[PDB]
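Listed next as structure tokens is one chain, alone, in the form solved without the named molecule.
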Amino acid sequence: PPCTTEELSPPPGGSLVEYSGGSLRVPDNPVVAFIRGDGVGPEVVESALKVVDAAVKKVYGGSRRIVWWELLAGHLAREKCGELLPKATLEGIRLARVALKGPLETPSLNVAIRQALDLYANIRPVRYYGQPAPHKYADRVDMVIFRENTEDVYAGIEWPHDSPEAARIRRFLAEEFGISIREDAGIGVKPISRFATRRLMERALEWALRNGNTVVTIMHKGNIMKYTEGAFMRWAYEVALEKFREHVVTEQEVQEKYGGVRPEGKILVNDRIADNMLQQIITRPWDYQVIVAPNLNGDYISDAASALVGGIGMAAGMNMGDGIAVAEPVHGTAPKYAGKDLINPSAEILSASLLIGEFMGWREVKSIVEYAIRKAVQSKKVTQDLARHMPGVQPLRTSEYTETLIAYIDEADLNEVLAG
């Protein structure tokens, strides 16, 4: 496994995924980079490769074969190459276009990867797998959050209240704009751009078109923050109408042209005030599918949705750029379950299924992997984090849950798994 950009050597038995003109090109023997990561990461990434690879083989009958390619990040990289994040990893992902990733410790390194590959879109699916859940309507949560991951107040533009830099900003704002900010105030800046908004909405719409989603909802506080969040909403509606006119419909258009009903074959593009959006996913979760949001709103809504379905530890994610994606769990390294064989690998498995099934196009892999996880929960064969919430259920270990899952995958009839 490579330690310098010249060492860069992908496995022979696999062709590269291509980018070069709008369309991503995926062959039958595709190279997918995998990173082990830190803590529970090696535990759960190895768990996923075993699961996905019993599928891909069980799903396509053998014509397809995923070729796993190792890249080093975290403790494993520091043990070999002598650094936490090597350049050869970034260039490895850059040539492969697709990669799967465990959590990394930050003594964050996640942000470096994102910033170096321009992974501007954070993608978080939230779905119900039958677990014990606090939401009466957990089973009607079937959502994907498209979260802008480069701007907003999360860009780190801020200064301590007692810093000379904050003092210079305060006086600058006062003198030039008659803005008054207290002397004992910390100061942050919130940038939202047309370019970043447009890219994110384009990816969200292309995703909706791919999966036959019928609603895309922009989540914003544009009534109060007119020029950042309101601009976000306006720019999102604008690209939608500009580049997706024929695939797209507006709430007003529905209530003017189509007798109050969204036409089949067409996506409803709407918007919700951010605090209202939180209320609506709780009250009317069936009304929402794809949610498009700036950084913070996206962070909050995805977290809230995962809590509703009792999937906090099970949340899977993915960071996507133009021709490139890196899938990873929401959770951290969990240093208290690592090397313990106790942790839930569900998040890491679903992440693999997100990348391979929902972004490469291999829809049949997602279908089965999710069938198994649902079957695991139905017959109460899961790890301690779930088993602690079910009366009198014995926890199944991590390595046990994997083999349990492979079993459900191969044992399954594909006429009941792949329909419509």
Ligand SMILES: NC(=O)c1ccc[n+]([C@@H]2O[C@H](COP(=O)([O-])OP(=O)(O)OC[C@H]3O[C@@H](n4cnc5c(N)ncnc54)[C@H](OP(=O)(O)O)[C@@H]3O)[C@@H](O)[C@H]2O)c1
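So that there is no doubt, residue numbering starts at 1 and follows the sequence shown.
The discussion below concerns the form deposited with the named molecule bound, not included here.
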query: Just to confirm, residue 127 within 4.5 Å of the named molecule in the deposited bound form by heavy atoms?
result: no
- request: Examine residue 105 and determine whether its closest non-hydrogen atom to the named molecule in the deposited bound form is within 4.5 angstroms.
  value: yes
query: Is there any non-hydrogen atom of residue 188 lying within 4.5 Å of the named molecule in the deposited bound form?
result: no
query: According to a 4.5 angstroms non-hydrogen atom cut-off, is residue 245 in contact with the named molecule in the deposited bound form?
result: no
message: Please tell me whether the candidate spot formed by 332, 335 and 388 is one where all three residues come within 4.5 Å of the named molecule in the deposited bound form (heavy atoms).
response: yes
query: Since exactly one of 153, 112, 312, 169 fits, which has a heavy atom within 4.5 Å of the named molecule in the deposited bound form?
result: 312
- request: Sort through 343, 144, 218, 204 and report the residue having a heavy atom within 4.5 Å of the named molecule in the deposited bound form.
  value: 343
- line: Given 229 to 237, 175 to 183, 136 to 144, 97 to 105, the stretch touching the named molecule in the deposited bound form at heavy atoms within 4.5 Å is 97 to 105
statement: Of the options 166, 120, 239, 26, the one placed at the hinge where rigid parts change between the shown form and the other one is 120
- line: Under comparison with the form shown, the C-alpha atoms of residue 23 and residue 216 in the deposited bound form shift by 3 angstroms or more, placing them farther
Cα-Cα trend for residue 383 and residue 134, given that in the deposited bound form the distance shifts by 3 Å or more: closer
